[PDB]
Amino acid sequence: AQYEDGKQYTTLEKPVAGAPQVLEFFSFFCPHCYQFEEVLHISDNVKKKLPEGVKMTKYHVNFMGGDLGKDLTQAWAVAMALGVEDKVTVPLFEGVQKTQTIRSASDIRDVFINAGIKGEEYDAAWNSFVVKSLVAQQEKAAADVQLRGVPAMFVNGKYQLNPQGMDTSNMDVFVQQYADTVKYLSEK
């Protein structure tokens, strides 16, 4: 067929019940994730092609960057709680990987302040139990698919995108194949 298990996607041995419809995992430490987000704009091109009634979820992971990695998962929970993902994603990626000016929880916080989130508001969220449960959700989602690498995308808790089985000679064409594959899996 044109789409084949084991080629553009894989099937989870152990399907995950009640999983988000489209679930993407990343780390601000992850070099391919940087490419996916700032150069390829994967999350965005996927959404443009998702059928109506299909929601997209994006979670940060702990297993890269040690202590700072965990802080970033909590900051990403803060980002989700305040709904400011589209304001902090670029400066966090560049702060960790481009300028390398993010070295501590305080440096992460600076990114939010610079993005116009007020200090009291950031700190309140950071220390909130709503953010604690959002950290819990991120961890549990990754745990449910035995996640050992990023970037990763899962559709309906049963299919895992397989980008290594795609031509990367043209960046535009890779992105649409990725997006079209997600659309296909979504309609499965």
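Start at 1 with the first residue shown and count on from there.
Undergrad: When the C-alpha temperature factors are averaged for each of 62 to 70 and 41 to 49, which stretch ends up with the higher value in the entry?
TA: Comparing 62 to 70 with 41 to 49, the higher mean C-alpha B-factor belongs to 41 to 49.
Undergrad: Which wins on mean Cα temperature factor, 1 to 9 or 178 to 186?
TA: Higher mean C-alpha B-factor in the PDB entry: 1 to 9.
Undergrad: Tell me, please, which of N156, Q138, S27, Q35 has the highest C-alpha B factor according to the deposited entry?
TA: Of the options given, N156 has the highest CA B-factor in the PDB entry.
Undergrad: Report the third (lowest, middle or highest) to which the CA temperature factor of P163 belongs, ranking only the modelled residues of the same chain.
TA: Top third by C-alpha B-factor.
Undergrad: Taking the C-alpha B-factors as the PDB entry records them, is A152 in the lowest, middle or highest third of its chain?
TA: Tercile = lowest for this residue's CA B-factor.
Undergrad: Grab the CA temperature factor for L134 from the record and place it in the lowest, middle or highest third of its chain.
TA: For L134, the deposited C-alpha B-factor lands in the middle third.
Undergrad: Sorting the chain's CA B-factors, does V54 end up in the lowest, middle or highest third?
TA: It belongs to the highest third of the chain when residues are ordered by C-alpha B-factor.
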